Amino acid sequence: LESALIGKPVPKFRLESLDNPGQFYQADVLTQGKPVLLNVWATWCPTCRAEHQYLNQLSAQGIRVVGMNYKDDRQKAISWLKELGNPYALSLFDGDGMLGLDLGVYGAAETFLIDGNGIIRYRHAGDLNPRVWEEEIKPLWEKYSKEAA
């Protein structure tokens, strides 16, 4: 559904890396100077596995994706990435769902488009498929990719 975060900066946070125990990241990691997709997922989310293959494809095309493991189990999450492939430039462990709370997600299966300056530009509640990418996100991704080049 709608998001009140459109046009606003990413919420402050300090989360641990999923595959790098003890390494912590903050909102600055989402200000890469280039647009980035923030994908919320979990091993218990059916739509998440479905869309995973498509994420691998976009990632292989240069689309920068940051993964946010939501209220999940690190081992299952890591095992999941080792089996299906890892498309994420970085993986954050939102074990308590605190970042998810500030982001206002309705659950797993959610993607946010963030511009080079860390501003949330779009929120898609649902699985990411070619239709959604083509018609709804791609046009924005291209705009902010150019307005950063």
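Numbers follow the displayed sequence, beginning with 1.
In this entry, the higher average B-factor at the C-alpha atoms falls on 103-111, of the pair 103-111 and 56-64. For the pair 27-35 and 46-54, the mean Cα B-factor is higher in 27-35. Sorting the modelled residues of the chain by their CA temperature factor places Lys138 in the lowest third. For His124, the recorded CA B-factor ranks within the middle third of the chain. Only modelled residues enter the ranking.
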